[PDB]
Amino acid sequence: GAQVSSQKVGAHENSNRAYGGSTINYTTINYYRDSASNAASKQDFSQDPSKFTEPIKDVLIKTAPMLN
Amino acid sequence: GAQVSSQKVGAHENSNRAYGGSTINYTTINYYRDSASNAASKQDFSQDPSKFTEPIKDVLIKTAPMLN
Amino acid sequence: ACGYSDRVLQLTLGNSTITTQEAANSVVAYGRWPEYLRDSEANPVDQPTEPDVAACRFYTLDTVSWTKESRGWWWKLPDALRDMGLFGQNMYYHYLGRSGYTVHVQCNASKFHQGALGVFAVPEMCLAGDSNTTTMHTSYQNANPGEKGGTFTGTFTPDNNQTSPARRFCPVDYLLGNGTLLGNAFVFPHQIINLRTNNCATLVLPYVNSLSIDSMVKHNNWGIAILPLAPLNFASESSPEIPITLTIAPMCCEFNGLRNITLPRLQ
Amino acid sequence: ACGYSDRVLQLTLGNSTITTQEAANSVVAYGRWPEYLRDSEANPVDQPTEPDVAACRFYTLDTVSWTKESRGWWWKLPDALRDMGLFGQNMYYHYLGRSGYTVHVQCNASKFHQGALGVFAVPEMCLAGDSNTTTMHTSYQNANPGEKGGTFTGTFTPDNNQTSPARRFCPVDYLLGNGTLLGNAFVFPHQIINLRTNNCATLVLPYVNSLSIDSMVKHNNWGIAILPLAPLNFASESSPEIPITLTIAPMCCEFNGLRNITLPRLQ
Amino acid sequence: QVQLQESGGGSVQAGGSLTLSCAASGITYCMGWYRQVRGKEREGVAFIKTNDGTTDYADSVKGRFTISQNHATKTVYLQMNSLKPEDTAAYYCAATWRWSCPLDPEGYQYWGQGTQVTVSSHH
Amino acid sequence: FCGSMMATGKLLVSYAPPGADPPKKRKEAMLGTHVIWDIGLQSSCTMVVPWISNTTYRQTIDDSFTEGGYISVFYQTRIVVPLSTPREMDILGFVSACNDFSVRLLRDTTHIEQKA
Amino acid sequence: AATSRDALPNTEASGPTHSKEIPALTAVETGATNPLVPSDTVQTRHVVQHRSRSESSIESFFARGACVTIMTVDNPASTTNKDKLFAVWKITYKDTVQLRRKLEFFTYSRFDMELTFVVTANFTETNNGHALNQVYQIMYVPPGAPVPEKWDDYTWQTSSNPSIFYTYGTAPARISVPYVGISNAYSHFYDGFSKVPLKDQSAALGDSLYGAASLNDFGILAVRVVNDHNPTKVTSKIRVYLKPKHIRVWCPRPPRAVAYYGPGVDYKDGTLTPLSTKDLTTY
Amino acid sequence: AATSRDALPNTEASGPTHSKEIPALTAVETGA
Ligand SMILES: CCCCCCCCCCCCCCCC(=O)O
């Protein structure tokens, strides 16, 4: 039960007949029973900075007057 | 003839695009001929403490009088 | 259209109501709004008393004065409201409790006054001690000043009496009292009462901790620190003065573990 | 079948539980059981705080002694429980409040003891004054003895000090303290702890008054009067003694009108 | 494997107050539970937990002494006030991680060298 | 309850959460989680201390942050006996856990030691 | 839907303007940070952006292993007056600075700890003495468990204590430990007291240290040299490298400005000057 | 069917009571 995932290719080797071009994937197999023991996936999300940027109750429209 | 089993995820990595989210499984392959040599599965059962708690012949109903 | 302005607002909880005509809207901390503990995230087993209105009402703590030579102010929750009606009572009567708030810092002046007050809300506002001889030794009596609150200072003063120390916080304003830069404090939910604009502040802070429900007397959740960003200057007067008032109201409060009354040594 | 006996009972409210093996079942007064005020019969307008568990729990008031020469005892509600945890607090914190109860008078002896105690529940138990000089003049301090309770007497004693009277109730047992015949008191919800039979008493009394919701500090709803029907005799001992304990628990309690704390002159 | 040192100890008069310092090696509080056991021979005075609070004092001295923790310097003190001739004893400091045993002198593993304090009967 | 058949009584075994005065009077223990117990044909009773704690698990040691509380038994009336009966008797206690009791992080105990 | 390795918002072409729209105008009194992108204050060309925030993801930021502690031990001669020094250390990140400061940007967290042990050794006496490859034991004593008293007592028998036998000169020792927190998240800061001073008690009995708790108590590590006494004293250092993996955090705080002093939030005097001199009207 | 890593019995909401049921009463003489 392997885990094959994709890589974000950086320096593409003058190849598309193996490397660079065609999507490069990597395999990952868990060897231990504990989740702790697992490797760090790194395929983490990203969110909107709004729970910091706009902590406001009403909705902000960046073109209208802030205080009305 | 591998043995792929599930793990009880603890700290879920900000992922569900690989880790944390989607069920994390591990592979297990036996390398020796003897059962002794096998790893400890840990996926053990659990039973009702009744063969200790209620070693009584008659049936106990927790709302009625014990001695009738 | 019908006059719905961001400065004109009305808050109401229980039997108390706050109105304001010069606001900068309101800040819902971290995007969360108060709610009761979810059966999912629940911890203890007993039945939870939800006082609601009885505890969920605006309480005006004592009022302080803001002059030129003021360095700052600091309040703790649920500390400050340990002497407030029912919320105060039920608190002492339990071992575990979670509570949200709605800090409504009021502070008005005139069109002729100027300056700014930074009303910050630091979750787990841990302030520093006063001596370089014994760290983490500030006593409880000074840690929970209550509704009178604690005050910031503009210079660090070490306590040299090892016979019987002071055991209090000596927070230097430019370091928020915790040794970081005040200019970065604009990461915690906050509002700036810049005289010209608005005349109040509003920050609804939900229950944050690492625990689902925790002890109130022992642990303080949110810290209210008000420090002057811009100095108070008026006309050509050497000693201007306007008062500052805060009225924090608990929200979505509940309590678990009814025991005998707690009587803490406060002095 | 599975042992469901009328003497074996378990009461539970909040974080308190009473168990008994010698009961005479329980008495649901006038056939009514506690409930909260119905929107139909509602009076005030504000939001009602229903403390529930916080206030709805068994409180053991102080214990008294029952010997041969005992004439009787009397308790008022919500008086007695004016010093009981949260129920006590919330009470002082309001102007209006309704509350039910569950008086669990306990009193055990042995197979070798004999006698009977009449535990009566008089709705609006109005007792008489001590002087033939000034009627209706009993002061509040004696009217609300609290958890220590008041005691009956076997002979009327008029107060002759007009300089500074006693201003207390002088209730003569055979007259229930109100001038009627005790033998007729068996009209109010009641139970008789006749030693041989049971060893406790139980009377759930619902909220009765002429009003839907009324002031607690000012007005007392139910009166608990315990007088000896049959004298306590033991073996061939001249001075037998067994203790009497009561644990009344509020039910379906609510409060309206949150104000500042009431501090009544009790002495 | 901590190493204790008894410093800040000496002669004084009766009625006064003196402070005692107890710096330690390491990785100090890591062996945990610092103490103050006086007596010419062996007898406790103050006990303290490296974590939490967590004070306690010998009934014989209760309400006149205080043991404090300076985790930064790695020094444990002892403020002795209202001294009286019976306070002239051989002061030491101790430790054992075992989160308990504060009522047994031989339960310890670590000991320092000591410092003689004298409450001189001047008055 | 381990006293004669002709002996009776009622007791108040109690449990109060920690972080306050340890109760030394019935009146205070009475203000907490308790189970009023009657002595009779059913000789034994059971008070259930439900889990009411700040953390999700408490330290198995003497620590304050994760302190447990106070369990106390008090007379609700008293013990009543007739003539020709022993005025003193004994009561045994039995502690156990409820189905939701769990543990974690295995370690070595201190209740035994091999010296030399 | 948005992951770490995704391309940031593409800049859109914007031209001249004269409208009733006011991007540039805000009022930080609202607490809200005005969201202004390039195509607002200036005319920008269309840019197919390629930069991703991959390396700035929570996991990535703490993706390095830090040095938490240095534990000293030795193996002195059988004839020495002193006892064979074995190390005991209270498990915490705080002892150093770096790893701590990084963990300070947040109020709370959950992370499976991964440990590394790069041990080193050396002789000490001016003797051409010999020492065979030494064996090392790393023993995890949880809170309130038998902490060793000698280098050779029943404790190390560890029938239940997870230990690590490291053979000097091999690929460094490593173990992984999940979220052992007593809470839901480990509190890097804690406003409070483990005890509450009471009134019918004494100031001594209800005194507690501010800022601490059981939260940050997990146990201690005990390290020794399993080999017996050898004719030549050989000292040894145990470096522990901790790396948080699979991490989450809650509620930001500003980083530690001034130099550290103790495990508390406290600060010493003379170190209260974080900045330097620089003119207001000079670049 | 029940394994090691399974969640323990869920606590159910319970309210006021006055019945002929006696949970609190036992008699350890039964061994049970
Ligand atoms: C074989 C070695 C086993 C090690 C066992 C793990 C010890 C736990 C250490 C956890 C350190 C995390 C610090 C967080 C403290 C906090 O912020 O509350």
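Residues numbered from 1 in each chain as written, not as in the entry; some residues may be left out. Chains lettered and ligands numbered in written order. Part of a larger assembly, values for the part shown. Heavy atoms only, no water.

Its PDB header attributes the entry to cryo-EM and lists the resolution as 4.6000 Å.

A few points about the overall build of chain G
Inclusion rule: Secondary structure elements are taken from DSSP: a helix is a run of H or I of four residues or more, a strand is a run of E of two residues or more, and numbering for both begins at the N terminus. With C-alpha atoms as the basis for the radius of gyration, the globule rule is written as 2.2 Å multiplied by the number of residues raised to the power 0.38. We call two residues in contact when some of their heavy atoms are within 4.5 Å. Using a 1.4 Å probe, the Shrake-Rupley method yields the accessible areas, and only the shown protein chains count as cover for residues. Under this rule, positive means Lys or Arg and negative means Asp or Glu; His and the chain ends count for nothing. By convention, the point assigned to a charge is CZ for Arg, NZ for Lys, CD for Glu and CG for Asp.
In terms of helices and strands, chain G carries 2 helices and 8 strands. Along the chain direction, N to C, the helices and strands of chain G fall in the order α-β-β-α-β-β-β-β-β-β. Scaling as 2.2 N^0.38, a compact globule of 283 residues should have a C-alpha radius of gyration of about 19 Å, whereas chain G reaches 27 Å, well beyond that. For chain G, the spread of C-alpha atoms along the three principal axes comes to 90 × 60 × 45 Å. Restricting to contacts in chain G with at least 6 residues of sequence separation, those with at least 24 account for 79%. When the accessible surface of chain G is split by element, carbon and sulfur atoms take 55% of a total near 13,900 Å². Across chain G, the centroid of the 29 positively charged side chains sits 4 Å from that of the 25 negatively charged ones.

Considerations on helix α1 (residues 85–92) of chain C
Stated precisely, the cut-off is as follows: When a residue's accessible area, from a 1.4 Å probe over protein chains only, is under 20% of the maximum for its type it is buried; when over 50% it is exposed; and in between it is partly exposed.
The buried fraction of α1 of chain C amounts to 7 of the 8 residues, a majority that puts the element mostly inside the structure. Listing the buried residues of α1 of chain C in full gives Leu86, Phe87, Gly88, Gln89, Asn90, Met91 and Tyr92 of chain C. Residues of α1 of chain C that are buried make contact with β4 (59–60), β7 (96–103) and β15 (251–256) of chain C together with α1 (85–92) of chain D.

Quick look at the arrangement of the chains
Of all 19 pairs of chains that touch, the greatest number of contacts is found between chains C and G. The smallest C-alpha distance separating chain B from chain C is 15 Å, and no contact links them. In this view chain E stays clear of chain H, with the nearest C-alpha atoms of the two still 32 Å from each other.

Structural notes on the pairing of strand β4 (residues 35–38) of chain E
Residues and elements named next belong to chain E. Going by this rule: Pairing between two strands requires that DSSP report at least two bridges joining them.
Alternating positions in β4 separate into two faces, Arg35 and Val37 on one and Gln36 and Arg38 on the other, with burial throughout. Summarising the sheet, β4 and strand β5 (residues 43–47) pair through 4 bridges and their orientation is antiparallel. Its bridge partner being in β5, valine 37 is matched across the sheet by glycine 44. In this structure, the hairpin formed by β4 and β5 is closed by a connection of 4 residues, where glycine 39 is found at a positive phi of approximately 80°.

Some remarks on the interface of chain C and chain G
Worth spelling out the cut-off: Buried area, as used here, totals the accessible surface that two parts lose on assembly, with accessibility defined by a 1.4 Å probe and the loss added over both. A side-chain nitrogen of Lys or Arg and a carboxyl oxygen of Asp or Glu constitute a salt bridge if their distance falls within 4 Å. Nitrogen and oxygen atoms within 3.5 Å of one another constitute a polar contact, given that in protein one can donate a hydrogen and the other can accept it, and given that sequence-neighbouring residues count only through two side-chain atoms.
In this complex, chain C contributes 60 residues to the contact, which on the side of chain G involves 46 residues. When chain C packs against chain G, the two sides together hide about 4,600 Å² of surface, and 60% of this comes from carbon and sulfur. Considering only the surface of chain C that becomes buried against chain G, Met136, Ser210 and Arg265 of chain C emerge as the three largest contributors, covering 17% of it. Put simply, chain C and chain G have 2 salt bridges between them. Our enumeration of links across chain C and chain G arrives at 29 residue pairs in polar contact.

Here we look at the state of the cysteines
Residue and element names in this part refer to chain E. Stated precisely, the cut-off is as follows: Any pair of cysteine sulfurs within 2.5 Å is marked as a disulfide.
The final tally for this structure, using the stated rule, is 1 disulfide over all chains. The disulfide bridge from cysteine 22 ends at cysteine 93, spanning 2.0 Å between sulfur atoms. Sign of the S-S torsion, about 80° for the bond between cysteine 22 and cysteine 93, identifies this disulfide as right-handed. You can see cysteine 22 sitting in strand β3 (residues 18–24) and its partner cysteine 93 sitting in strand β11 (residues 93–95), a full 71 residues away along the chain.

Regarding the sheet that holds strand β4 (residues 135–141) of chain G
Strands pair in a sheet through their backbones, by hydrogen bonds, and they do so in one of two ways: parallel or antiparallel. Residue and element names in this part refer to chain G. Going by this rule: Working convention: axes come from line fits to C-alpha atoms, limited for helices to the stretch in contact. Angles between N-to-C directions cover 0 to 180 degrees.
The strand order across the open sheet formed by 4 strands is β2-β7-β4-β5, and the pairing between neighbours is antiparallel. The open sheet has two edge strands, β2 (87–90) and β5 (163–167), and neither has a second partner. On average, adjacent strands in this sheet sit at an angle of 15° to one another, irrespective of strand direction. Taken together, the 4 bridges between β2 and strand β7 (residues 220–225) define a ladder with antiparallel strand orientation. Paired with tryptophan 89 across the bridge in β7 is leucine 221.

With respect to the pairing of β15 of chain C
Residue and element names in this part refer to chain C. Burial of β15 is extensive: 6 of the 6 residues sit out of reach of the surface. Two strands pair when backbone bridges link them, and β7 and β15 are joined in this way by 4 bridges, in the antiparallel orientation. Of the residues in β15, the one forming a bridge with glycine 100 is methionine 251.

Section: the side chain of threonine 69 of chain G
For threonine 69 of chain G, the position within the fold is in strand β1 (residues 66–73). Residue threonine 69 of chain G is classed as buried on the basis of its relative accessible area of 5%. In terms of polar contacts, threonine 69 of chain G uses its side chain to reach the side chain of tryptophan 89 of chain G, at 3.3 Å. Leave out the neighbours within four places in its chain, and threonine 69 of chain G touches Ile27 of chain E together with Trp89, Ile238, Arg239 and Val240 of chain G.

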